[PDB]
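Asker: Could you have a look at this structure, given as structure tokens, before my questions?
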Amino acid sequence: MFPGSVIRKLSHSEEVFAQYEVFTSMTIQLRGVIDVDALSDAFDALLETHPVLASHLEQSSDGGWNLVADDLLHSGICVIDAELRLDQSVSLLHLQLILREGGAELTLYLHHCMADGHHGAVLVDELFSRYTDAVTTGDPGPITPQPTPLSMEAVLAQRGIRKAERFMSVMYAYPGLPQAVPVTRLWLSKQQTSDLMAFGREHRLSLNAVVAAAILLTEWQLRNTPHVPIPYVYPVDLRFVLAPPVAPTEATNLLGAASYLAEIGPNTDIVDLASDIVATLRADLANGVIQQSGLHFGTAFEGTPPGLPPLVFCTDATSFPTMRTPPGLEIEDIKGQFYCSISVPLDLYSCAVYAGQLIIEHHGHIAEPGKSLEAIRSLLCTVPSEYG
């Protein structure tokens, strides 16, 4: 509504991101001439299509958080040639362009209470779609403003759905200024990827499916604790699962959480593990466990709960291709990073295939960041060659 007025209170599912001042960034390394004027038009046009982004959070007397509306007259790009303070109470979106040699660095900051990976990616893609239309044409494209995207509990309420479920047995058995989260990243040669892929569909599996196995195996090899299970959790976009489908910007965060207690022994086989995981998902979907369980992937930012072995979180956020860029500009790299407030127990893995190259990542304040990532690294290059 009018700036200063309350848009809506955040849903319990969204509060995680407010409680840990979680912000998500997306940086595109560029090469070429950035027509800043046109870029600013695209950013302004985008904001008019998603007027919610023009707000901030205010913790209500009732312990909850209010999404309060702001004005769009203040939100503009920020060109440069840390130097920045992300603050929930102030803004939830920041477009930072840093000019460089051949190309500059485009970086979008988005508070996670307004979008999960999918919703955000769609925005990032919209931005570049408008820039291309802004440079190609004098117009960044038509603007049709959308209403306040729904919270997950809102989406379920519209449907029947009124209102962990596997880690109960292993139970007790066996936000000031935000700071960047350390992020380690390892790549794979165009070839090594193709090798892992070929090995993939040569077992009725997928990169993501295998990758998780590799991650889960390694976790055991370094846990220095045998026979102790490894609780696994990953995101599931309920947008293609639920009743009338939900569109990416239609909801804030609609990523369900799929649990899976991996029990790796010294003989456990990659495909064996990979396939069991994939199958369990299907069983849960078929039983409506994922749809009806209030579990969301935001829980990832809450680390491991009491009385439970270290949870392994991994997001299959492989994406960002087919992204429009006018003639003369080209994307050289796309890195994602979080900026939750210090002390966030964020232990998370992630992967994606960029330019036909698999990219492994480990996020969070952890000792020997590239330790497991490397163990997992060589493991994804071994399995495809020597399996028989």
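Residues are named by chain letter and number: chains run A, B, ... in the order of the structure tokens, numbers start at 1 in each chain, and ligands are numbered from 1 in the order shown.
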Enumerate, in order of chain and increasing residue number, the residues of segment 161-263 of chain A with an atom no farther than 8 Å from segment 113-133 of chain A, each with its shortest atom pair and distance in Å to one decimal, counting only C-alpha atoms, as CSV.

Answerer:
```
residue,atom,partner,partner_atom,distance
A:248,CA,A:119,CA,4.8
A:249,CA,A:119,CA,5.2
A:251,CA,A:115,CA,7.6
A:252,CA,A:115,CA,4.5
A:253,CA,A:116,CA,4.9
A:254,CA,A:116,CA,7.2
A:255,CA,A:116,CA,7.3
```

Asker: Determine, counting only C-alpha atoms, which protein, DNA and RNA residues have an atom within 8 Å of an atom of residue 77 of chain A; residues of the same chain fewer than 2 positions away are not included. Present the result as a PyMOL selection string.

Answerer: chain A and resi 40+43+75+79+94-97

Asker: As a ChimeraX atom specification, please: all residues of segment 201-384 of chain A that backbone DSSP puts in strand (DSSP E).

Answerer: /A:230-237,255-262,312-315,330-338,348-354,357-363

Asker: Considering only C-alpha atoms, return as a ChimeraX atom specification whatever protein or nucleic-acid residues lie within 12 Å of residue 244 of chain A, sequence-local ones (same chain, fewer than 2 positions apart) excluded.

Answerer: /A:155-156,158-160,238-242,246-247,250

Asker: Residues as selected, N, CA and C atoms, written as a PDB file, in the first residue's frame, can you do that?

Answerer:
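File selection21.pdb, as written:
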```
ATOM      1  N   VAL A 155       0.015 -20.420   0.674  1.00  0.00           N
ATOM      2  CA  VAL A 155      -0.189 -21.306  -0.458  1.00  0.00           C
ATOM      3  C   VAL A 155      -0.878 -22.615  -0.067  1.00  0.00           C
ATOM      4  N   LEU A 156      -0.513 -23.143   1.094  1.00  0.00           N
ATOM      5  CA  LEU A 156      -1.118 -24.373   1.572  1.00  0.00           C
ATOM      6  C   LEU A 156      -2.561 -24.101   1.986  1.00  0.00           C
ATOM      7  N   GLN A 158      -4.631 -21.974   0.814  1.00  0.00           N
ATOM      8  CA  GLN A 158      -5.507 -21.870  -0.361  1.00  0.00           C
ATOM      9  C   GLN A 158      -5.958 -23.261  -0.773  1.00  0.00           C
ATOM     10  N   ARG A 159      -5.064 -24.233  -0.616  1.00  0.00           N
ATOM     11  CA  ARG A 159      -5.369 -25.615  -0.945  1.00  0.00           C
ATOM     12  C   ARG A 159      -5.905 -26.264   0.318  1.00  0.00           C
ATOM     13  N   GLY A 160      -6.010 -27.583   0.317  1.00  0.00           N
ATOM     14  CA  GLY A 160      -6.513 -28.244   1.504  1.00  0.00           C
ATOM     15  C   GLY A 160      -5.544 -28.102   2.662  1.00  0.00           C
ATOM     16  N   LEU A 238       7.841 -26.987  -4.172  1.00  0.00           N
ATOM     17  CA  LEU A 238       6.457 -27.390  -4.194  1.00  0.00           C
ATOM     18  C   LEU A 238       5.675 -26.744  -5.347  1.00  0.00           C
ATOM     19  N   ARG A 239       6.322 -25.877  -6.112  1.00  0.00           N
ATOM     20  CA  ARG A 239       5.638 -25.210  -7.214  1.00  0.00           C
ATOM     21  C   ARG A 239       5.176 -26.189  -8.293  1.00  0.00           C
ATOM     22  N   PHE A 240       5.949 -27.243  -8.547  1.00  0.00           N
ATOM     23  CA  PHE A 240       5.569 -28.231  -9.554  1.00  0.00           C
ATOM     24  C   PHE A 240       4.951 -29.470  -8.923  1.00  0.00           C
ATOM     25  N   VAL A 241       4.868 -29.461  -7.602  1.00  0.00           N
ATOM     26  CA  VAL A 241       4.302 -30.559  -6.856  1.00  0.00           C
ATOM     27  C   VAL A 241       2.810 -30.348  -6.545  1.00  0.00           C
ATOM     28  N   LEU A 242       2.529 -29.301  -5.779  1.00  0.00           N
ATOM     29  CA  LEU A 242       1.185 -28.951  -5.349  1.00  0.00           C
ATOM     30  C   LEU A 242       0.111 -28.824  -6.412  1.00  0.00           C
ATOM     31  N   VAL A 246       2.008 -23.236  -8.665  1.00  0.00           N
ATOM     32  CA  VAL A 246       2.272 -21.904  -8.175  1.00  0.00           C
ATOM     33  C   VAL A 246       3.390 -21.386  -9.037  1.00  0.00           C
ATOM     34  N   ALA A 247       3.364 -20.104  -9.376  1.00  0.00           N
ATOM     35  CA  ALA A 247       4.442 -19.581 -10.210  1.00  0.00           C
ATOM     36  C   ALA A 247       5.595 -19.100  -9.347  1.00  0.00           C
ATOM     37  N   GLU A 250       4.991 -16.021  -7.518  1.00  0.00           N
ATOM     38  CA  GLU A 250       3.683 -16.042  -6.885  1.00  0.00           C
ATOM     39  C   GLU A 250       3.834 -16.249  -5.375  1.00  0.00           C
TER      40      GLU A 250
END
```

Asker: Taking the backbone alone, and naming residues the way the document does, which bits of segment 184-279 of chain A are alpha helix (DSSP H) by DSSP, as a PyMOL selection string?

Answerer: chain A and resi 190-200+207-223+270-279

Asker: Please produce an output containing N, CA, C and O atoms for each residue in the selection, written as a compact mmCIF listing (two decimals), in the first residue's frame.

Answerer:
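Output file out.txt follows:
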```
# COMPACT_ATOMS: atom_id res chain seq x y z
N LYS A 190 35.19 -29.42 -18.50
CA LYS A 190 34.09 -29.72 -19.40
C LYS A 190 34.04 -31.23 -19.61
O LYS A 190 32.96 -31.81 -19.77
N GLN A 191 35.20 -31.87 -19.61
CA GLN A 191 35.26 -33.31 -19.79
C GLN A 191 34.83 -34.07 -18.54
O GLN A 191 33.88 -34.83 -18.59
N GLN A 192 35.53 -33.86 -17.43
CA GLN A 192 35.19 -34.55 -16.20
C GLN A 192 33.69 -34.48 -15.90
O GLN A 192 33.13 -35.39 -15.27
N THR A 193 33.05 -33.40 -16.33
CA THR A 193 31.61 -33.26 -16.10
C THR A 193 30.93 -34.32 -16.98
O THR A 193 30.27 -35.22 -16.47
N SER A 194 31.14 -34.22 -18.30
CA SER A 194 30.57 -35.16 -19.27
C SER A 194 30.75 -36.62 -18.87
O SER A 194 29.91 -37.47 -19.19
N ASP A 195 31.85 -36.90 -18.19
CA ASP A 195 32.17 -38.24 -17.71
C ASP A 195 31.22 -38.61 -16.59
O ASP A 195 30.71 -39.73 -16.54
N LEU A 196 31.00 -37.67 -15.68
CA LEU A 196 30.11 -37.91 -14.56
C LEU A 196 28.67 -37.98 -15.07
O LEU A 196 27.86 -38.75 -14.54
N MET A 197 28.36 -37.20 -16.10
CA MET A 197 27.01 -37.23 -16.66
C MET A 197 26.74 -38.56 -17.35
O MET A 197 25.70 -39.19 -17.12
N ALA A 198 27.67 -38.96 -18.21
CA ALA A 198 27.54 -40.22 -18.92
C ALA A 198 27.32 -41.33 -17.90
O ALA A 198 26.46 -42.18 -18.08
N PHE A 199 28.11 -41.31 -16.82
CA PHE A 199 27.99 -42.31 -15.76
C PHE A 199 26.62 -42.19 -15.12
O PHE A 199 26.09 -43.16 -14.59
N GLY A 200 26.08 -40.98 -15.17
CA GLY A 200 24.78 -40.72 -14.58
C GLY A 200 23.64 -41.50 -15.22
O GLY A 200 23.12 -42.45 -14.64
N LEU A 207 23.12 -36.07 -12.20
CA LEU A 207 24.27 -35.45 -11.56
C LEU A 207 23.99 -35.16 -10.09
O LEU A 207 24.75 -35.57 -9.21
N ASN A 208 22.89 -34.46 -9.85
CA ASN A 208 22.48 -34.08 -8.50
C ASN A 208 22.37 -35.30 -7.60
O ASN A 208 22.84 -35.29 -6.46
N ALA A 209 21.73 -36.34 -8.12
CA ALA A 209 21.54 -37.58 -7.37
C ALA A 209 22.87 -38.17 -6.95
O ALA A 209 23.07 -38.53 -5.79
N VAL A 210 23.79 -38.27 -7.91
CA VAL A 210 25.11 -38.82 -7.63
C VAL A 210 25.84 -37.89 -6.67
O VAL A 210 26.29 -38.31 -5.60
N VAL A 211 25.96 -36.63 -7.07
CA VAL A 211 26.63 -35.61 -6.27
C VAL A 211 26.29 -35.75 -4.79
O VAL A 211 27.17 -35.63 -3.94
N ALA A 212 25.02 -35.99 -4.48
CA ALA A 212 24.61 -36.12 -3.09
C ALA A 212 25.28 -37.33 -2.45
O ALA A 212 25.71 -37.28 -1.29
N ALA A 213 25.35 -38.42 -3.21
CA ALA A 213 25.98 -39.64 -2.73
C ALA A 213 27.43 -39.29 -2.40
O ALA A 213 27.90 -39.52 -1.29
N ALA A 214 28.13 -38.71 -3.38
CA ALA A 214 29.51 -38.32 -3.17
C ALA A 214 29.66 -37.49 -1.90
O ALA A 214 30.57 -37.71 -1.09
N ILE A 215 28.76 -36.53 -1.71
CA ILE A 215 28.80 -35.69 -0.53
C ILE A 215 28.58 -36.53 0.73
O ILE A 215 29.35 -36.45 1.68
N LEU A 216 27.53 -37.34 0.72
CA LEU A 216 27.20 -38.18 1.88
C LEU A 216 28.29 -39.20 2.23
O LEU A 216 28.54 -39.47 3.41
N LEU A 217 28.93 -39.77 1.22
CA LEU A 217 30.00 -40.74 1.47
C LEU A 217 31.11 -40.03 2.23
O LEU A 217 31.45 -40.41 3.35
N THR A 218 31.65 -38.99 1.59
CA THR A 218 32.72 -38.19 2.17
C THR A 218 32.43 -37.75 3.60
O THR A 218 33.33 -37.76 4.44
N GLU A 219 31.19 -37.39 3.89
CA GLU A 219 30.86 -36.96 5.24
C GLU A 219 31.19 -38.05 6.24
O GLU A 219 31.66 -37.76 7.34
N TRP A 220 30.95 -39.30 5.86
CA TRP A 220 31.22 -40.41 6.76
C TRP A 220 32.72 -40.65 6.92
O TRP A 220 33.21 -40.86 8.04
N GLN A 221 33.45 -40.61 5.80
CA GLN A 221 34.90 -40.81 5.78
C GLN A 221 35.66 -39.80 6.64
O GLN A 221 36.80 -40.05 7.04
N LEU A 222 35.05 -38.65 6.91
CA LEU A 222 35.70 -37.62 7.70
C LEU A 222 35.07 -37.43 9.07
O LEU A 222 35.62 -36.74 9.92
N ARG A 223 33.91 -38.05 9.30
CA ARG A 223 33.24 -37.92 10.59
C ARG A 223 33.97 -38.69 11.69
O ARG A 223 33.68 -38.52 12.87
N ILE A 270 27.99 -46.21 -4.32
CA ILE A 270 27.49 -44.95 -4.84
C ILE A 270 26.08 -45.07 -5.40
O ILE A 270 25.15 -44.49 -4.85
N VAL A 271 25.93 -45.83 -6.48
CA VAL A 271 24.63 -46.01 -7.09
C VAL A 271 23.60 -46.52 -6.09
O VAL A 271 22.47 -46.06 -6.08
N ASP A 272 23.99 -47.45 -5.24
CA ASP A 272 23.07 -47.98 -4.25
C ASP A 272 22.48 -46.84 -3.43
O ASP A 272 21.26 -46.75 -3.27
N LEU A 273 23.35 -45.98 -2.91
CA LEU A 273 22.94 -44.83 -2.09
C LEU A 273 22.14 -43.82 -2.92
O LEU A 273 21.04 -43.43 -2.55
N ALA A 274 22.71 -43.42 -4.05
CA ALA A 274 22.07 -42.47 -4.94
C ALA A 274 20.63 -42.87 -5.26
O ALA A 274 19.71 -42.06 -5.12
N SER A 275 20.45 -44.11 -5.69
CA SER A 275 19.12 -44.62 -6.06
C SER A 275 18.14 -44.68 -4.91
O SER A 275 16.95 -44.39 -5.07
N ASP A 276 18.63 -45.06 -3.73
CA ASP A 276 17.77 -45.14 -2.57
C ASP A 276 17.22 -43.76 -2.23
O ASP A 276 16.04 -43.60 -1.91
N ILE A 277 18.09 -42.75 -2.30
CA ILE A 277 17.67 -41.38 -2.01
C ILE A 277 16.56 -41.00 -2.98
O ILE A 277 15.44 -40.67 -2.57
N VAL A 278 16.87 -41.04 -4.27
CA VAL A 278 15.90 -40.68 -5.29
C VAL A 278 14.58 -41.40 -5.12
O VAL A 278 13.52 -40.82 -5.35
N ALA A 279 14.64 -42.67 -4.73
CA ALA A 279 13.42 -43.42 -4.57
C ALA A 279 12.65 -42.90 -3.38
O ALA A 279 11.46 -42.63 -3.49
```

Asker: In terms of the shortest atom-to-atom distance over only C-alpha atoms, which of A:179, A:25, A:259, A:66 is closest to residue 340 of chain A?

Answerer: A:179

Asker: Using only C-alpha atoms, find the one residue out of A:33, A:170, A:344, A:154 that sits nearest to residue 329 of chain A.

Answerer: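 When distances to residue 329 of chain A are compared using only C-alpha atoms, the smallest one comes from A:33.
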
Asker: Might you pull out every residue within 8 Å of residue 55 of chain A, with only C-alpha atoms counted and same-chain residues fewer than 3 positions away left off, and present them as a PDB file with C-alpha atoms, in the first residue's frame?

Answerer:
```pdb
ATOM      1  CA  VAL A  52       7.052  -5.584  -2.428  1.00  0.00           C
ATOM      2  CA  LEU A  67       6.904  -6.127   6.219  1.00  0.00           C
ATOM      3  CA  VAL A  68       6.489  -2.341   6.014  1.00  0.00           C
ATOM      4  CA  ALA A  69       6.210  -0.560   2.690  1.00  0.00           C
ATOM      5  CA  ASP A  70       8.635   2.033   1.414  1.00  0.00           C
ATOM      6  CA  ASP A  71       8.851   4.280  -1.636  1.00  0.00           C
ATOM      7  CA  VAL A  90      16.007  -0.397   6.008  1.00  0.00           C
ATOM      8  CA  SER A  91      16.013  -2.071   2.568  1.00  0.00           C
ATOM      9  CA  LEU A  92      15.605  -5.641   1.248  1.00  0.00           C
TER      10      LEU A  92
END
```

Asker: Write out as a PDB file with N, CA and C atoms, in the first residue's frame which residues come within 9 Å of residue 13 of chain A when counting only C-alpha atoms, dropping same-chain ones fewer than 6 positions away.

Answerer:
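Generated file (part_24.pdb):
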```pdb
ATOM      1  N   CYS A 113      13.551 -13.504   2.743  1.00  0.00           N
ATOM      2  CA  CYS A 113      12.169 -13.593   3.133  1.00  0.00           C
ATOM      3  C   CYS A 113      11.296 -13.195   1.931  1.00  0.00           C
ATOM      4  N   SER A 151       3.096 -16.411   1.160  1.00  0.00           N
ATOM      5  CA  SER A 151       4.010 -17.144   2.024  1.00  0.00           C
ATOM      6  C   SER A 151       3.593 -18.614   1.846  1.00  0.00           C
ATOM      7  N   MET A 152       4.490 -19.536   2.185  1.00  0.00           N
ATOM      8  CA  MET A 152       4.188 -20.955   2.046  1.00  0.00           C
ATOM      9  C   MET A 152       2.903 -21.338   2.781  1.00  0.00           C
ATOM     10  N   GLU A 153       2.760 -20.942   4.045  1.00  0.00           N
ATOM     11  CA  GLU A 153       1.530 -21.296   4.738  1.00  0.00           C
ATOM     12  C   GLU A 153       0.308 -20.658   4.090  1.00  0.00           C
ATOM     13  N   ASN A 253       8.713 -18.072  -0.530  1.00  0.00           N
ATOM     14  CA  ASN A 253       9.535 -19.244  -0.370  1.00  0.00           C
ATOM     15  C   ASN A 253       8.616 -20.472  -0.402  1.00  0.00           C
ATOM     16  N   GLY A 294       4.957 -29.464   7.428  1.00  0.00           N
ATOM     17  CA  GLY A 294       5.263 -28.051   7.399  1.00  0.00           C
ATOM     18  C   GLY A 294       6.734 -27.755   7.180  1.00  0.00           C
ATOM     19  N   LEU A 295       7.540 -28.790   6.985  1.00  0.00           N
ATOM     20  CA  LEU A 295       8.966 -28.596   6.792  1.00  0.00           C
ATOM     21  C   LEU A 295       9.333 -27.774   5.556  1.00  0.00           C
ATOM     22  N   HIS A 296      10.130 -26.730   5.755  1.00  0.00           N
ATOM     23  CA  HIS A 296      10.588 -25.902   4.639  1.00  0.00           C
ATOM     24  C   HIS A 296      12.109 -25.937   4.643  1.00  0.00           C
ATOM     25  N   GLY A 298      14.031 -23.510   4.689  1.00  0.00           N
ATOM     26  CA  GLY A 298      14.628 -22.429   5.445  1.00  0.00           C
ATOM     27  C   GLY A 298      15.318 -22.979   6.691  1.00  0.00           C
ATOM     28  N   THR A 299      14.817 -24.105   7.197  1.00  0.00           N
ATOM     29  CA  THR A 299      15.373 -24.733   8.396  1.00  0.00           C
ATOM     30  C   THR A 299      16.888 -24.942   8.308  1.00  0.00           C
TER      31      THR A 299
END
```

Asker: Choose the residue, out of A:110, A:103, A:138, A:291, that has the smallest atom-to-atom separation from residue 336 of chain A; count only C-alpha atoms.

Answerer: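 So, comparing all the options, the nearest one is A:110.
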
Asker: Go through A:186, A:304, A:31, A:345 and flag the residue nearest residue 171 of chain A, using only C-alpha atoms for the distances.

Answerer: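 Under the stated criterion, the closest residue is A:304.
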
Asker: Between atom CA of residue 59 of chain A and atom CA of residue 177 of chain A, measure the distance and give it in Å to one decimal.

Answerer: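 Between atom CA of residue 59 of chain A and atom CA of residue 177 of chain A the gap works out to 15.4 Å.
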
Asker: Can you pull out the residues contacting residue 48 of chain A? Cut-off 12 Å, using only C-alpha atoms, and skip same-chain residues under 5 positions away; I want them as an NGL selection string.

Answerer: :A and (41-43 or 53-54 or 71-73 or 75-76 or 127 or 140-147)

Asker: Any idea what's packed within 10 Å of segment 305-310 of chain A, counting only C-alpha atoms, ignoring anything in its chain fewer than 2 positions away? Could you give it as a PyMOL selection string?

Answerer: chain A and resi 164+167-174+219+223+228-232+299+302-303+312-313+347
